[PDB]
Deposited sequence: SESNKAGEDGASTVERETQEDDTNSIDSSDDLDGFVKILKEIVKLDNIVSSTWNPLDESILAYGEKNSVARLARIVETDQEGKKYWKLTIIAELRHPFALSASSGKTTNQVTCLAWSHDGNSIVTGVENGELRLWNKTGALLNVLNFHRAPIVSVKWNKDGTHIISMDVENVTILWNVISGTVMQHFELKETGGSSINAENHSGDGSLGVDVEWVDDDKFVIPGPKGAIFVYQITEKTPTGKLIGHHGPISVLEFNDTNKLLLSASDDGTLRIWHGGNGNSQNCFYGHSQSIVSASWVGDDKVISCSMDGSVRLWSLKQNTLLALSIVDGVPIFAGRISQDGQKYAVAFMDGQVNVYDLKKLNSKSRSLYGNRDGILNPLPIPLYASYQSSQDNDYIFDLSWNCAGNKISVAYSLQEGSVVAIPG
C-alpha cells in the first residue's frame, strides 16, 4: 500500500564490495580497485563520513583490486583479500595484525569460525586454505578440482564444508585431511553455503537452480527446493524455519521447511538479480537488480504463491551502471551499494 523511495545519505568513491561491522552500526569496511580497502565511520550530526584507516596491500614483486572483506564475528578484526591471492588481517582501528599469503588467485570467500581463531579462505581456482589466523599458519590446503563453487562455511567450532567435484559438498574436521563426510545431491557448482547454528542445518544453493537443506554429516539432503529457472546468486536463512533465495531469473523466493513448499515470491520479469542480502533482524531482504535498482522486501508479516511485499526501492535515471554488491549495517538502517564503475552509495533505510 506504500513503497518507500530510498535516499542516498553518503556518497562514496567507487567501491568493489563492502561489509559493515557486525557490532558497530556506524563502521563500514569497503574494498577499492587500487589494491586498498578502507575502514570508515558514518555518523549523523546531516551525515558525516570519516576514514578510520587505509588497509593497503603492496603490489606483487612479480590490476590488484580488493576482492573480499570479512569481519570476525566479534567485530574486532577483519580480513581483506586481493586479486593476487594475498590476505591481510587487521584490527578494527586499522592496525595490521598478520599477513597470510598462500593463494595465487583472486579471493572469493573468507569465513571465520566461532571463537575467531581460524578462518577458511577460498580463491577462484578453488584452492581452499584452513588457517590458524592468529599465528598466520597454513593448517590444511585443499585442491579438490570449471569452478566448483564460490562459498565455504563453518558448521561447528572445528568443522567446515567446501565445494567438491560434481556439485558435492565435502565435510571436514580441523585435525583431519580426509573428509568426514560428503553431501551428495547438487548437479552444479555451489554458490552458497550458510549454516544455522540454532537448528544445526546447512543451507546450500547451486548453479543447478536448487536449494538444499542438510542435517546429516554424510548422505542425502533433508530438503530440496525446485523453482528457480536459473542460477541462484544468493540465499539466506530467515529464522529457523524458512530460507530465502534470489536468482538470475529475476525472482526472490521464500521457502518453508515446515511445509516443504514455496511460501511467497516476487519477480521482475527479464531483470536478473546479482545479489541479495538479509538484514540482521531477518525481517528485510535487499536485492540488486541488473538494471541498477535495489529492492528491499518486507518479511515481517510472513514471519509473524503469496507475494513478498515490496518495502522500498532505490534507483535513478541519471546512470545505468550495474550494482555488484550491497551490504546492511547491523542496525538495519543503512545499506552500502557498490556500483561496478561509478561512486558507491550509502542509503538510509527507514524503520
Checklist entry - Since the structure holds only modelled residues, which stretches of the deposited sequence does it leave out? => result 1-33, 79-84, 102-107, 191-205, 365-378
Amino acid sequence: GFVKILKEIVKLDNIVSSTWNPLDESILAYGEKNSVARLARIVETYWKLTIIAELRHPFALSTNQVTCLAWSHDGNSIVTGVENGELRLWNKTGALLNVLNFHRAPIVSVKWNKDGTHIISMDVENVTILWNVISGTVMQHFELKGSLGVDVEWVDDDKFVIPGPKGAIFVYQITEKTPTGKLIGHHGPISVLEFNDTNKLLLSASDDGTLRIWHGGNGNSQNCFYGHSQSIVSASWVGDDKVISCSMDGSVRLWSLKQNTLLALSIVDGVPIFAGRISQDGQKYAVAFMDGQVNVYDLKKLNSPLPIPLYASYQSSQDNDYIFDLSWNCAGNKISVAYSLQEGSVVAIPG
From here on, numbers count along this sequence of modelled residues.
Next on the checklist: Using only C-alpha atoms and the B-factors in the entry, which stretch averages higher, 173-181 or 148-156?
Outcome noted: 173-181
Next on the checklist: Going by the mean C-alpha B-factor recorded in the entry, which is higher: 305-313 or 25-33?
Outcome noted: 305-313
Checklist entry - Which of these, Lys114, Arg277, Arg253, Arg212, has its C-alpha atom at the highest B-factor, as the entry lists it? => result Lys114
Checklist entry - Of the options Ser109, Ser234, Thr93, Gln222, which has the highest CA B factor as deposited? => result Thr93
Next on the checklist: Where does the C-alpha B-factor of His57 rank in its chain, lowest, middle or highest third?
Outcome noted: lowest
Item to check | CA B-factor placement of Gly81, once the chain's modelled residues are sorted into thirds | outcome: lowest
Checklist entry - Should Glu44 be placed in the lowest, middle or highest third of its chain by the C-alpha B factor in the entry? => result highest
Next on the checklist: Going by the CA temperature factor in the PDB record, which third of the chain does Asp291 belong to: lowest, middle or highest?
Outcome noted: highest
Checklist entry - So where's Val3 on the chain's Cα temperature factor ranking, which third? => result highest
